[PDB]
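What follows is the content of coords-v8.txt (compact mmCIF, N, CA and C atoms (P, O5', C5', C4', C3', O3' and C1' of nucleotides) and all ligand atoms).
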```txt
# COMPACT_ATOMS: atom_id res chain seq x y z
N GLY A 1 -62.84 43.06 -23.81
CA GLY A 1 -62.64 44.49 -23.63
C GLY A 1 -62.63 45.29 -24.93
N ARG A 2 -61.53 46.08 -25.11
CA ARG A 2 -61.29 46.89 -26.30
C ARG A 2 -60.14 47.87 -26.31
N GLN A 3 -59.66 47.98 -27.56
CA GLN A 3 -58.58 48.80 -28.05
C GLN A 3 -58.96 50.16 -28.68
N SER A 4 -58.01 51.05 -28.53
CA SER A 4 -58.10 52.36 -29.06
C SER A 4 -57.97 52.26 -30.55
N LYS A 5 -58.52 53.21 -31.28
CA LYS A 5 -58.27 53.16 -32.71
C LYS A 5 -56.77 53.38 -32.98
N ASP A 6 -56.16 54.30 -32.23
CA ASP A 6 -54.77 54.65 -32.35
C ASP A 6 -53.99 53.37 -32.02
N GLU A 7 -54.47 52.54 -31.12
CA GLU A 7 -53.81 51.28 -30.94
C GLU A 7 -53.97 50.39 -32.15
N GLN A 8 -55.13 50.46 -32.75
CA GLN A 8 -55.36 49.64 -33.92
C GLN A 8 -54.46 50.10 -35.04
N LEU A 9 -54.30 51.42 -35.10
CA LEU A 9 -53.53 52.16 -36.08
C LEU A 9 -52.07 51.74 -36.08
N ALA A 10 -51.49 51.88 -34.90
CA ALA A 10 -50.14 51.51 -34.60
C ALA A 10 -49.96 50.07 -34.96
N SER A 11 -51.00 49.31 -34.65
CA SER A 11 -50.94 47.90 -34.96
C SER A 11 -51.07 47.66 -36.46
N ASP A 12 -52.08 48.22 -37.07
CA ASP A 12 -52.19 48.07 -38.49
C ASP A 12 -50.93 48.52 -39.16
N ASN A 13 -50.42 49.64 -38.76
CA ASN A 13 -49.22 50.13 -39.42
C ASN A 13 -47.87 49.56 -39.01
N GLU A 14 -47.94 48.50 -38.22
CA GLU A 14 -46.74 47.86 -37.71
C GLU A 14 -45.69 48.84 -37.07
N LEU A 15 -46.15 49.78 -36.22
CA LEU A 15 -45.28 50.70 -35.51
C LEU A 15 -44.43 49.96 -34.48
N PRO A 16 -43.17 50.27 -34.39
CA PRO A 16 -42.37 49.55 -33.41
C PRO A 16 -42.71 49.79 -31.95
N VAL A 17 -43.64 50.70 -31.68
CA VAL A 17 -44.03 51.02 -30.31
C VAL A 17 -45.48 51.06 -30.28
N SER A 18 -46.07 51.15 -29.09
CA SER A 18 -47.50 51.27 -28.88
C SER A 18 -47.93 52.73 -28.71
N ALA A 19 -49.20 52.90 -28.98
CA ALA A 19 -49.92 54.16 -28.95
C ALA A 19 -49.71 54.76 -27.61
N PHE A 20 -49.94 53.92 -26.62
CA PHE A 20 -49.65 54.31 -25.26
C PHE A 20 -48.17 54.73 -25.12
N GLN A 21 -47.27 53.90 -25.59
CA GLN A 21 -45.86 54.22 -25.56
C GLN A 21 -45.53 55.48 -26.24
N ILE A 22 -46.03 55.53 -27.44
CA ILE A 22 -45.82 56.73 -28.26
C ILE A 22 -46.15 58.03 -27.51
N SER A 23 -47.38 58.14 -27.05
CA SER A 23 -47.83 59.30 -26.30
C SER A 23 -47.21 59.55 -24.95
N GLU A 24 -46.72 58.53 -24.29
CA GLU A 24 -46.20 58.74 -22.97
C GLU A 24 -44.72 58.67 -22.95
N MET A 25 -44.11 58.07 -23.94
CA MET A 25 -42.69 58.02 -23.85
C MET A 25 -42.15 59.41 -23.80
N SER A 26 -41.06 59.58 -23.13
CA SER A 26 -40.50 60.91 -23.18
C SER A 26 -39.94 61.25 -24.57
N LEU A 27 -39.99 62.53 -24.79
CA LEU A 27 -39.44 63.14 -25.97
C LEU A 27 -38.06 62.60 -26.29
N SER A 28 -37.17 62.60 -25.33
CA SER A 28 -35.92 62.07 -25.75
C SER A 28 -36.03 60.61 -26.00
N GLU A 29 -37.05 60.02 -25.54
CA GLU A 29 -37.07 58.65 -25.76
C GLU A 29 -37.43 58.44 -27.21
N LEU A 30 -38.49 59.16 -27.54
CA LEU A 30 -39.12 59.13 -28.85
C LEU A 30 -38.13 59.42 -29.97
N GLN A 31 -37.30 60.32 -29.61
CA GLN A 31 -36.28 60.67 -30.51
C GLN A 31 -35.38 59.49 -30.72
N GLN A 32 -35.12 58.68 -29.72
CA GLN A 32 -34.27 57.57 -30.08
C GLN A 32 -35.01 56.72 -31.06
N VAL A 33 -36.26 56.50 -30.73
CA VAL A 33 -37.08 55.66 -31.57
C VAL A 33 -37.02 56.07 -33.00
N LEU A 34 -37.11 57.34 -33.11
CA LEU A 34 -37.17 57.84 -34.43
C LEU A 34 -35.87 57.84 -35.18
N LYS A 35 -34.70 58.02 -34.53
CA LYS A 35 -33.37 57.99 -35.17
C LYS A 35 -32.93 56.58 -35.51
N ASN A 36 -33.54 55.61 -34.85
CA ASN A 36 -33.11 54.22 -35.00
C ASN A 36 -33.95 53.31 -35.81
N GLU A 37 -35.20 53.68 -36.06
CA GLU A 37 -36.18 52.86 -36.77
C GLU A 37 -36.35 53.24 -38.25
N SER A 38 -36.75 52.29 -39.09
CA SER A 38 -37.10 52.47 -40.51
C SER A 38 -38.59 52.71 -40.51
N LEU A 39 -38.93 53.92 -40.83
CA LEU A 39 -40.29 54.33 -40.74
C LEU A 39 -40.75 55.13 -41.92
N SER A 40 -41.60 54.58 -42.74
CA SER A 40 -42.06 55.44 -43.78
C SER A 40 -42.51 56.75 -43.15
N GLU A 41 -42.61 57.74 -44.01
CA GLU A 41 -43.14 59.07 -43.71
C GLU A 41 -44.57 58.97 -43.13
N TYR A 42 -45.41 58.21 -43.80
CA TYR A 42 -46.75 57.96 -43.30
C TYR A 42 -46.61 57.51 -41.84
N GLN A 43 -45.85 56.42 -41.59
CA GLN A 43 -45.61 55.98 -40.22
C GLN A 43 -45.10 57.13 -39.32
N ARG A 44 -44.19 57.98 -39.81
CA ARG A 44 -43.73 59.13 -39.03
C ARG A 44 -44.80 60.11 -38.68
N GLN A 45 -45.60 60.35 -39.66
CA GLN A 45 -46.66 61.30 -39.50
C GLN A 45 -47.58 60.78 -38.43
N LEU A 46 -47.98 59.57 -38.71
CA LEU A 46 -48.83 58.82 -37.83
C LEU A 46 -48.37 58.98 -36.41
N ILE A 47 -47.11 58.61 -36.15
CA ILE A 47 -46.62 58.71 -34.82
C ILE A 47 -46.86 60.05 -34.18
N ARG A 48 -46.81 61.09 -34.97
CA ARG A 48 -47.04 62.41 -34.43
C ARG A 48 -48.48 62.67 -34.13
N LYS A 49 -49.34 62.17 -35.03
CA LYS A 49 -50.76 62.39 -34.77
C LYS A 49 -51.21 61.62 -33.52
N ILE A 50 -50.70 60.44 -33.40
CA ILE A 50 -50.98 59.63 -32.27
C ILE A 50 -50.61 60.27 -30.95
N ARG A 51 -49.45 60.88 -30.94
CA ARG A 51 -48.92 61.49 -29.72
C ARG A 51 -49.79 62.68 -29.31
N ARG A 52 -50.13 63.48 -30.33
CA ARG A 52 -51.04 64.63 -30.25
C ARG A 52 -52.34 64.22 -29.51
N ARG A 53 -53.03 63.28 -30.14
CA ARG A 53 -54.25 62.80 -29.58
C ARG A 53 -54.04 62.29 -28.21
N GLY A 54 -53.03 61.47 -28.17
CA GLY A 54 -52.69 60.80 -26.98
C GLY A 54 -52.52 61.77 -25.85
N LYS A 55 -51.80 62.89 -26.10
CA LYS A 55 -51.59 63.89 -25.01
C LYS A 55 -52.84 64.74 -24.79
N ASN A 56 -53.54 64.97 -25.88
CA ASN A 56 -54.73 65.75 -25.76
C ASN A 56 -55.84 64.98 -25.05
N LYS A 57 -55.82 63.71 -25.07
CA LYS A 57 -57.03 63.29 -24.44
C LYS A 57 -56.88 63.47 -22.96
N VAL A 58 -55.68 63.24 -22.54
CA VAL A 58 -55.44 63.44 -21.17
C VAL A 58 -55.78 64.83 -20.80
N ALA A 59 -55.48 65.63 -21.77
CA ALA A 59 -55.68 67.00 -21.45
C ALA A 59 -57.17 67.24 -21.37
N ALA A 60 -57.90 66.78 -22.39
CA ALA A 60 -59.34 66.93 -22.39
C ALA A 60 -59.79 66.65 -20.99
N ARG A 61 -59.40 65.49 -20.47
CA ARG A 61 -59.72 65.11 -19.10
C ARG A 61 -59.71 66.30 -18.19
N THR A 62 -58.60 66.43 -17.48
CA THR A 62 -58.42 67.55 -16.58
C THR A 62 -59.44 68.67 -16.86
N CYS A 63 -59.22 69.38 -17.96
CA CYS A 63 -60.11 70.44 -18.35
C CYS A 63 -61.43 70.33 -17.64
N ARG A 64 -62.10 69.27 -18.09
CA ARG A 64 -63.40 68.83 -17.67
C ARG A 64 -63.52 68.66 -16.21
N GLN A 65 -62.49 68.05 -15.63
CA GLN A 65 -62.47 67.91 -14.21
C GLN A 65 -62.48 69.30 -13.65
N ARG A 66 -61.51 70.14 -14.08
CA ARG A 66 -61.49 71.52 -13.64
C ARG A 66 -62.83 72.20 -13.95
N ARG A 67 -63.33 71.90 -15.15
CA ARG A 67 -64.59 72.46 -15.59
C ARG A 67 -65.62 72.16 -14.58
N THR A 68 -65.80 70.86 -14.47
CA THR A 68 -66.72 70.16 -13.61
C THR A 68 -66.43 70.29 -12.13
N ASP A 69 -65.18 70.51 -11.81
CA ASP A 69 -64.87 70.65 -10.43
C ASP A 69 -65.28 72.02 -9.97
N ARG A 70 -64.57 72.96 -10.59
CA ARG A 70 -64.72 74.38 -10.37
C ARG A 70 -66.18 74.88 -10.37
N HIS A 71 -67.06 74.40 -11.24
CA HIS A 71 -68.41 74.92 -11.08
C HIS A 71 -69.28 73.95 -10.34
N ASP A 72 -69.79 72.90 -10.99
CA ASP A 72 -70.61 71.93 -10.28
C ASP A 72 -70.65 72.24 -8.78
N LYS A 73 -69.50 72.20 -8.08
CA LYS A 73 -69.51 72.52 -6.65
C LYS A 73 -68.98 73.87 -6.25
N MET A 74 -67.64 73.95 -6.12
CA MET A 74 -66.98 75.18 -5.71
C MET A 74 -67.16 76.25 -6.81
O5' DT B 1 -81.40 47.20 -31.66
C5' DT B 1 -82.56 48.05 -31.83
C4' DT B 1 -82.62 49.09 -30.71
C3' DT B 1 -81.66 50.27 -30.92
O3' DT B 1 -82.22 51.48 -30.39
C1' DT B 1 -81.13 49.19 -28.90
P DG B 2 -83.46 52.20 -31.10
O5' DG B 2 -83.83 53.38 -30.11
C5' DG B 2 -84.49 53.01 -28.89
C4' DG B 2 -84.09 53.93 -27.74
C3' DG B 2 -83.38 55.21 -28.11
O3' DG B 2 -83.46 56.05 -27.05
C1' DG B 2 -81.85 53.94 -27.08
P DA B 3 -83.48 57.61 -27.35
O5' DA B 3 -83.91 58.15 -25.90
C5' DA B 3 -84.10 57.15 -24.87
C4' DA B 3 -83.37 57.47 -23.56
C3' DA B 3 -82.68 58.83 -23.44
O3' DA B 3 -82.62 59.09 -22.03
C1' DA B 3 -81.00 57.19 -23.37
P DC B 4 -82.81 60.43 -21.15
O5' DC B 4 -81.38 60.65 -20.40
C5' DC B 4 -80.74 59.76 -19.43
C4' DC B 4 -79.22 59.89 -19.42
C3' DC B 4 -78.65 61.29 -19.62
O3' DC B 4 -77.90 61.64 -18.39
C1' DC B 4 -77.49 59.69 -20.94
P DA B 5 -76.62 62.62 -18.30
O5' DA B 5 -75.62 61.55 -18.86
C5' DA B 5 -75.80 60.32 -18.20
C4' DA B 5 -74.54 59.84 -17.52
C3' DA B 5 -73.41 60.79 -17.19
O3' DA B 5 -72.41 60.09 -16.50
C1' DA B 5 -72.93 59.86 -19.26
P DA B 6 -71.04 60.88 -16.21
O5' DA B 6 -70.03 60.26 -17.30
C5' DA B 6 -69.49 58.97 -17.11
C4' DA B 6 -68.52 58.80 -18.26
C3' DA B 6 -67.33 59.73 -18.22
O3' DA B 6 -66.26 58.88 -18.34
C1' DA B 6 -68.26 59.76 -20.31
P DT B 7 -64.77 59.18 -17.88
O5' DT B 7 -64.07 58.71 -19.25
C5' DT B 7 -64.90 58.82 -20.43
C4' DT B 7 -64.18 58.47 -21.70
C3' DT B 7 -62.82 59.08 -21.93
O3' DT B 7 -62.02 58.28 -22.80
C1' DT B 7 -64.36 60.04 -23.42
P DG B 8 -60.49 58.66 -23.14
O5' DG B 8 -60.60 59.28 -24.57
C5' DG B 8 -61.14 58.36 -25.49
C4' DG B 8 -61.46 59.03 -26.82
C3' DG B 8 -60.29 59.68 -27.54
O3' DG B 8 -60.34 59.39 -28.93
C1' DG B 8 -62.02 61.18 -27.45
P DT B 9 -59.04 59.44 -29.83
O5' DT B 9 -59.44 60.75 -30.60
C5' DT B 9 -60.26 60.64 -31.74
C4' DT B 9 -60.69 62.01 -32.21
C3' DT B 9 -59.59 62.92 -32.77
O3' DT B 9 -59.83 63.17 -34.18
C1' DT B 9 -61.16 64.11 -31.40
P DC B 10 -58.71 63.77 -35.18
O5' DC B 10 -59.30 65.20 -35.55
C5' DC B 10 -60.65 65.52 -35.18
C4' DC B 10 -60.79 67.02 -35.27
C3' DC B 10 -59.54 67.70 -35.81
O3' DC B 10 -59.93 68.86 -36.61
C1' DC B 10 -60.06 68.56 -33.74
P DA B 11 -59.22 69.45 -37.95
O5' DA B 11 -59.32 71.03 -37.67
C5' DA B 11 -60.59 71.33 -37.10
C4' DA B 11 -60.61 72.63 -36.35
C3' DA B 11 -59.58 73.62 -36.82
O3' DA B 11 -60.21 74.89 -37.03
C1' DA B 11 -59.41 73.33 -34.45
P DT B 12 -59.34 76.16 -37.51
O5' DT B 12 -58.80 76.82 -36.13
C5' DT B 12 -59.68 77.44 -35.19
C4' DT B 12 -58.92 77.91 -33.96
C3' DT B 12 -57.68 78.79 -34.16
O3' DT B 12 -58.07 80.19 -34.06
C1' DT B 12 -57.52 77.19 -32.33
P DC B 13 -57.07 81.44 -34.27
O5' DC B 13 -56.54 81.65 -32.77
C5' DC B 13 -57.31 81.01 -31.77
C4' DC B 13 -56.76 81.33 -30.40
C3' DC B 13 -55.50 82.20 -30.44
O3' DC B 13 -55.39 83.14 -29.32
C1' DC B 13 -55.07 80.07 -29.47
P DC B 14 -54.06 83.98 -28.96
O5' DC B 14 -53.20 83.03 -27.96
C5' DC B 14 -53.80 82.26 -26.90
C4' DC B 14 -52.76 81.83 -25.87
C3' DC B 14 -51.44 82.59 -25.95
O3' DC B 14 -50.90 82.76 -24.68
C1' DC B 14 -51.05 80.29 -26.39
P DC B 15 -49.60 83.69 -24.50
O5' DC B 15 -48.88 83.04 -23.20
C5' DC B 15 -49.04 81.64 -22.82
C4' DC B 15 -47.68 80.95 -22.74
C3' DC B 15 -46.54 81.88 -23.16
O3' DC B 15 -45.39 81.66 -22.37
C1' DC B 15 -46.51 79.97 -24.46
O5' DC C 1 -41.76 78.72 -36.36
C5' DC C 1 -40.62 78.49 -35.52
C4' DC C 1 -39.68 77.37 -36.01
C3' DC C 1 -40.14 75.91 -35.77
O3' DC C 1 -39.81 75.12 -36.85
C1' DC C 1 -38.42 76.55 -34.25
P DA C 2 -41.00 74.14 -37.07
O5' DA C 2 -41.15 73.31 -35.73
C5' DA C 2 -40.03 72.55 -35.34
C4' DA C 2 -40.25 71.78 -34.04
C3' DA C 2 -41.63 71.12 -33.87
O3' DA C 2 -41.47 69.65 -33.92
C1' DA C 2 -41.13 72.62 -32.03
P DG C 3 -42.53 68.53 -33.40
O5' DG C 3 -42.66 68.84 -31.85
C5' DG C 3 -41.63 68.52 -30.88
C4' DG C 3 -42.23 68.80 -29.52
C3' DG C 3 -43.56 68.09 -29.20
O3' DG C 3 -43.48 67.74 -27.85
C1' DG C 3 -43.89 70.42 -29.00
P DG C 4 -44.36 66.58 -27.19
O5' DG C 4 -45.49 67.43 -26.41
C5' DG C 4 -45.02 68.34 -25.44
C4' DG C 4 -46.09 69.26 -24.96
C3' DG C 4 -47.48 68.68 -24.96
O3' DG C 4 -48.09 69.29 -23.87
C1' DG C 4 -47.55 70.58 -26.20
P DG C 5 -48.77 68.42 -22.74
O5' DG C 5 -49.57 69.62 -22.05
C5' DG C 5 -48.91 70.57 -21.18
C4' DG C 5 -49.76 71.82 -21.01
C3' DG C 5 -51.22 71.62 -20.59
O3' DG C 5 -51.75 72.70 -19.75
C1' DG C 5 -51.13 72.69 -22.66
P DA C 6 -53.14 72.55 -18.94
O5' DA C 6 -54.04 73.80 -19.33
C5' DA C 6 -54.17 74.07 -20.66
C4' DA C 6 -55.20 75.13 -20.79
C3' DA C 6 -56.56 74.68 -20.33
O3' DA C 6 -57.21 75.78 -19.73
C1' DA C 6 -56.50 74.94 -22.72
P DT C 7 -58.68 75.57 -19.11
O5' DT C 7 -59.57 75.45 -20.45
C5' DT C 7 -59.36 76.47 -21.40
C4' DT C 7 -60.49 76.49 -22.40
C3' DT C 7 -61.68 75.60 -22.14
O3' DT C 7 -62.78 76.01 -22.96
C1' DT C 7 -60.76 74.81 -23.99
P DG C 8 -64.15 76.68 -22.45
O5' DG C 8 -65.01 76.58 -23.78
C5' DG C 8 -64.92 77.69 -24.60
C4' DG C 8 -65.16 77.20 -25.98
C3' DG C 8 -66.53 76.58 -26.22
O3' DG C 8 -67.03 77.06 -27.49
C1' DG C 8 -64.83 75.03 -26.86
P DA C 9 -68.57 77.06 -27.99
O5' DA C 9 -68.83 75.49 -28.17
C5' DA C 9 -67.75 74.80 -28.79
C4' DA C 9 -68.05 74.53 -30.25
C3' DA C 9 -69.41 73.96 -30.55
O3' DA C 9 -69.73 73.96 -31.95
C1' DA C 9 -67.72 72.25 -30.26
P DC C 10 -70.93 73.02 -32.48
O5' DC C 10 -70.27 71.57 -32.71
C5' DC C 10 -69.48 71.29 -33.87
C4' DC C 10 -68.94 69.85 -33.92
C3' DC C 10 -70.00 68.77 -34.07
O3' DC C 10 -69.45 67.73 -34.84
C1' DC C 10 -68.74 68.18 -32.37
P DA C 11 -70.28 66.38 -35.12
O5' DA C 11 -69.38 65.20 -34.55
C5' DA C 11 -67.96 65.25 -34.68
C4' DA C 11 -67.43 63.86 -34.41
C3' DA C 11 -68.39 62.77 -34.78
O3' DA C 11 -67.68 61.70 -35.30
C1' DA C 11 -67.95 62.69 -32.42
P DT C 12 -68.34 60.30 -35.65
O5' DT C 12 -67.73 59.32 -34.55
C5' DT C 12 -66.54 59.68 -33.88
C4' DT C 12 -66.20 58.70 -32.77
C3' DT C 12 -66.77 57.27 -32.90
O3' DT C 12 -65.77 56.26 -32.48
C1' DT C 12 -67.43 58.25 -30.86
P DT C 13 -66.04 54.71 -32.12
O5' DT C 13 -65.58 54.63 -30.59
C5' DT C 13 -66.14 55.59 -29.73
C4' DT C 13 -66.00 55.18 -28.28
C3' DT C 13 -66.29 53.74 -27.94
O3' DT C 13 -65.79 53.49 -26.65
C1' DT C 13 -68.00 54.96 -27.07
P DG C 14 -65.63 52.01 -26.10
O5' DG C 14 -65.77 52.18 -24.53
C5' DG C 14 -66.78 53.09 -24.23
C4' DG C 14 -67.21 53.10 -22.79
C3' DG C 14 -67.65 51.81 -22.16
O3' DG C 14 -67.87 51.98 -20.79
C1' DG C 14 -69.52 52.98 -22.79
P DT C 15 -67.77 50.75 -19.77
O5' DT C 15 -69.16 50.84 -19.01
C5' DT C 15 -69.72 52.14 -18.82
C4' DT C 15 -71.17 52.04 -18.38
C3' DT C 15 -71.60 50.64 -17.92
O3' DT C 15 -72.36 50.75 -16.73
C1' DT C 15 -73.10 51.44 -19.54
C1 LIG A 101 -42.36 54.37 -21.94
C2 LIG A 101 -41.30 53.51 -22.61
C3 LIG A 101 -41.51 53.66 -24.09
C4 LIG A 101 -40.27 53.66 -24.94
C5 LIG A 101 -40.13 52.28 -25.56
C6 LIG A 101 -39.05 52.21 -26.60
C7 LIG A 101 -38.94 50.78 -27.06
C8 LIG A 101 -38.97 50.65 -28.57
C9 LIG A 101 -38.01 49.61 -29.10
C10 LIG A 101 -38.50 48.98 -30.39
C11 LIG A 101 -37.53 47.93 -30.93
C12 LIG A 101 -37.68 47.62 -32.43
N1 LIG A 101 -36.42 47.26 -33.10
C13 LIG A 101 -36.33 47.86 -34.50
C14 LIG A 101 -35.25 47.76 -32.31
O1 LIG A 101 -36.34 45.85 -33.24
```
Please re-express this file's structure in structure tokens.
Amino acid sequence: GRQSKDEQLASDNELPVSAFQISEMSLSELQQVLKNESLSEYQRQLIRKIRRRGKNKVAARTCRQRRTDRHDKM
DNA sequence: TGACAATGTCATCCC
DNA sequence: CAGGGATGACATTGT
């Protein structure tokens, strides 16, 4: 199969959570993660970029569906 | 491997 | 605040 780059990222950077986790975990969850873990700044930054992408791709989705839904047919 | 579809990324605006 | 939803353009990936 295959992995996301963000998964590779998280992995390369030894993040205590997964890309998937990162992006889907709830905010309060994430916050625990962040108050409890030793995370360089780079790792912190990373986690934020990952979540961004992570939420945006989902978002990209819909859009398109709506895009594609709304015109293509209806 | 090359076409064509599909997904992801990023910049921006928004709330 | 901040985080995060929309969407348009461009990029990478999948089949
Ligand atoms: C959707 C659920 C995602 C939230 C998962 C949180 C689990 C992270 C725990 C990592 C543990 C690492 N450590 C430092 C405690 O050993």
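Reported to one decimal place, the separation of atom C1' of residue C:1 from atom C14 of ligand LIG 101 (chain A) is 29.0 Å.
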Enumerate as a compact mmCIF listing (two decimals) with N, CA and C atoms, in the frame of the given file the residues belonging to chain A that approach chain C to within 6.5 Å, with all atoms listed in the file taken into account.
```
# COMPACT_ATOMS: atom_id res chain seq x y z
N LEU A 27 -39.99 62.53 -24.79
CA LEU A 27 -39.44 63.14 -25.97
C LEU A 27 -38.06 62.60 -26.29
N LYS A 55 -51.80 62.89 -26.10
CA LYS A 55 -51.59 63.89 -25.01
C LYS A 55 -52.84 64.74 -24.79
N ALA A 59 -55.48 65.63 -21.77
CA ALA A 59 -55.68 67.00 -21.45
C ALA A 59 -57.17 67.24 -21.37
N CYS A 63 -59.22 69.38 -17.96
CA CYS A 63 -60.11 70.44 -18.35
C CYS A 63 -61.43 70.33 -17.64
```
Put the listed atoms of ligand LIG 101 (chain A) in a box along x, y and z with 5 Å added on every side and give me the centre and edge lengths in Å to one decimal, as lines of an AutoDock Vina configuration file.
```
center_x = -38.8
center_y = 50.1
center_z = -28.2
size_x = 17.1
size_y = 18.5
size_z = 22.6
```
Set the cut-off to 9 Å, count only C-alpha atoms (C1' of nucleotides) and all ligand atoms, and list whatever residues fall near ligand LIG 101 (chain A) as an mmCIF file with N, CA and C atoms, in the coordinates of the input.
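Saved result, out.cif, follows:
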```
data_model
loop_
_atom_site.group_PDB
_atom_site.id
_atom_site.type_symbol
_atom_site.label_atom_id
_atom_site.label_comp_id
_atom_site.auth_asym_id
_atom_site.auth_seq_id
_atom_site.Cartn_x
_atom_site.Cartn_y
_atom_site.Cartn_z
ATOM 1 N N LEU A 15 -46.150 49.780 -36.220
ATOM 2 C CA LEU A 15 -45.280 50.700 -35.510
ATOM 3 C C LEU A 15 -44.430 49.960 -34.480
ATOM 4 N N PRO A 16 -43.170 50.270 -34.390
ATOM 5 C CA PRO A 16 -42.370 49.550 -33.410
ATOM 6 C C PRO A 16 -42.710 49.790 -31.950
ATOM 7 N N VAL A 17 -43.640 50.700 -31.680
ATOM 8 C CA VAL A 17 -44.030 51.020 -30.310
ATOM 9 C C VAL A 17 -45.480 51.060 -30.280
ATOM 10 N N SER A 18 -46.070 51.150 -29.090
ATOM 11 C CA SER A 18 -47.500 51.270 -28.880
ATOM 12 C C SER A 18 -47.930 52.730 -28.710
ATOM 13 N N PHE A 20 -49.940 53.920 -26.620
ATOM 14 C CA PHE A 20 -49.650 54.310 -25.260
ATOM 15 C C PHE A 20 -48.170 54.730 -25.120
ATOM 16 N N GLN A 21 -47.270 53.900 -25.590
ATOM 17 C CA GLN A 21 -45.860 54.220 -25.560
ATOM 18 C C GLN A 21 -45.530 55.480 -26.240
ATOM 19 N N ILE A 22 -46.030 55.530 -27.440
ATOM 20 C CA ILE A 22 -45.820 56.730 -28.260
ATOM 21 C C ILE A 22 -46.150 58.030 -27.510
ATOM 22 N N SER A 23 -47.380 58.140 -27.050
ATOM 23 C CA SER A 23 -47.830 59.300 -26.300
ATOM 24 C C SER A 23 -47.210 59.550 -24.950
ATOM 25 N N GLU A 24 -46.720 58.530 -24.290
ATOM 26 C CA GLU A 24 -46.200 58.740 -22.970
ATOM 27 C C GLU A 24 -44.720 58.670 -22.950
ATOM 28 N N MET A 25 -44.110 58.070 -23.940
ATOM 29 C CA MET A 25 -42.690 58.020 -23.850
ATOM 30 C C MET A 25 -42.150 59.410 -23.800
ATOM 31 N N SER A 26 -41.060 59.580 -23.130
ATOM 32 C CA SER A 26 -40.500 60.910 -23.180
ATOM 33 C C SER A 26 -39.940 61.250 -24.570
ATOM 34 N N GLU A 29 -37.050 60.020 -25.540
ATOM 35 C CA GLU A 29 -37.070 58.650 -25.760
ATOM 36 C C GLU A 29 -37.430 58.440 -27.210
ATOM 37 N N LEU A 30 -38.490 59.160 -27.540
ATOM 38 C CA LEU A 30 -39.120 59.130 -28.850
ATOM 39 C C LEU A 30 -38.130 59.420 -29.970
ATOM 40 N N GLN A 32 -35.120 58.680 -29.720
ATOM 41 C CA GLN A 32 -34.270 57.570 -30.080
ATOM 42 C C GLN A 32 -35.010 56.720 -31.060
ATOM 43 N N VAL A 33 -36.260 56.500 -30.730
ATOM 44 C CA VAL A 33 -37.080 55.660 -31.570
ATOM 45 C C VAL A 33 -37.020 56.070 -33.000
ATOM 46 N N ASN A 36 -33.540 55.610 -34.850
ATOM 47 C CA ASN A 36 -33.110 54.220 -35.000
ATOM 48 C C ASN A 36 -33.950 53.310 -35.810
ATOM 49 N N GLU A 37 -35.200 53.680 -36.060
ATOM 50 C CA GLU A 37 -36.180 52.860 -36.770
ATOM 51 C C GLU A 37 -36.350 53.240 -38.250
ATOM 52 N N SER A 38 -36.750 52.290 -39.090
ATOM 53 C CA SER A 38 -37.100 52.470 -40.510
ATOM 54 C C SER A 38 -38.590 52.710 -40.510
#
```
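The interface of chain A with chain B at 7 Å, considering only N, CA and C atoms (P, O5', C5', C4', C3', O3' and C1' of nucleotides), consists of residues 5, 6, 53, 54, 57 and 58 of chain A.
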Just to be explicit: take each residue in the selection above, keep N, CA and C atoms, and write the result as a PDB file, in the frame of the given file.
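Dumped everything to selection_16.pdb:
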```pdb
ATOM      1  N   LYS A   5     -58.520  53.210 -31.280  1.00  0.00           N
ATOM      2  CA  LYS A   5     -58.270  53.160 -32.710  1.00  0.00           C
ATOM      3  C   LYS A   5     -56.770  53.380 -32.980  1.00  0.00           C
ATOM      4  N   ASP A   6     -56.160  54.300 -32.230  1.00  0.00           N
ATOM      5  CA  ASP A   6     -54.770  54.650 -32.350  1.00  0.00           C
ATOM      6  C   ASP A   6     -53.990  53.370 -32.020  1.00  0.00           C
ATOM      7  N   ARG A  53     -53.030  63.280 -30.140  1.00  0.00           N
ATOM      8  CA  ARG A  53     -54.250  62.800 -29.580  1.00  0.00           C
ATOM      9  C   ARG A  53     -54.040  62.290 -28.210  1.00  0.00           C
ATOM     10  N   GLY A  54     -53.030  61.470 -28.170  1.00  0.00           N
ATOM     11  CA  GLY A  54     -52.690  60.800 -26.980  1.00  0.00           C
ATOM     12  C   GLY A  54     -52.520  61.770 -25.850  1.00  0.00           C
ATOM     13  N   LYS A  57     -55.820  63.710 -25.070  1.00  0.00           N
ATOM     14  CA  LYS A  57     -57.030  63.290 -24.440  1.00  0.00           C
ATOM     15  C   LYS A  57     -56.880  63.470 -22.960  1.00  0.00           C
ATOM     16  N   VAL A  58     -55.680  63.240 -22.540  1.00  0.00           N
ATOM     17  CA  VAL A  58     -55.440  63.440 -21.170  1.00  0.00           C
ATOM     18  C   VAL A  58     -55.780  64.830 -20.800  1.00  0.00           C
TER      19      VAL A  58
END
```
